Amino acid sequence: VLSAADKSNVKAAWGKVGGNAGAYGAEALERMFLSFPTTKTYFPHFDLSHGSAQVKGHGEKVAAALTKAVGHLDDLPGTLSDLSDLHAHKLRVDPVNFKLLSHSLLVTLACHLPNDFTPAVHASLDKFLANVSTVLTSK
C-alpha cells in the first residue's frame, strides 16, 4: 500500500517487460481462463480459445492499463477513474476475479523473466496488482 521500494520494483520489472507488454497481458488472460474458467463468464460474446484475435487485442488494453498505472503510480485513483467506473459500476467484477488475474500476471511474468522476478519484485507486484485491483472496484 505501497513503499518507495515498491514503486521502484514495479517500474523496474515492467521496464524489462518492455515492448512485450502486449503479449504478456494476452497470456495472463489466456492463463486466467483455462486456470479459472468461472472467469470466462465476464467475456460472454468473445472468442475465448487459444491464439485468439480478441484474447490478444484485449490484452493490449489490459496491459496498456497497467503501463499507464506504473507510470502514474502516485495517484492510482485519478488514473484509473474510468476503469473502476467500468469494472465497478457498469460490469461489477467480483473482487476475487481481480486477484486471479493478478496471479496470472505474476505466473506470466515469472516464466518469461526468471532473473528479474525476485522475491522482492514478486513482493511489490502482488501489492501493485492487489492495489490496482482495489482502485478498480471503488467509489
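In this text, residue numbers run from 1 along the sequence as written.
_Entry-level comparison of average CA B-factors, 120-128 and 12-20, reporting the higher stretch_ = Mean C-alpha B-factor is greater for 12-20.
*Name the higher of the two by mean Cα B-factor in the PDB entry, 30-38 versus 51-59.*
The entry gives the higher C-alpha B-factor average to 51-59.
*Where does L105 sit by CA temperature factor within its chain: lowest, middle or highest third?*
Within its chain, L105 is a lowest-third residue by C-alpha B-factor, going by the deposited values.
_Ranking every modelled residue in this chain by its Cα temperature factor as given in the entry, which third contains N97?_
Its C-alpha B-factor, which the entry lists for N97, ranks in the lowest third among residues of this chain.
*Just say lowest, middle or highest third for the CA B-factor of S3 relative to the other modelled residues in its chain.*
According to the entry, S3 has a C-alpha B-factor in the chain's middle third.
_Using only modelled residues of the chain, where does the Cα B factor of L66 rank: lowest third, middle third or highest third?_
As the PDB entry reports it, the C-alpha B-factor of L66 lands in the middle third of its chain.
*What third of its chain's C-alpha B-factors does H87 belong to: lowest, middle or highest?*
Answer is lowest: the recorded C-alpha B-factor places it there.
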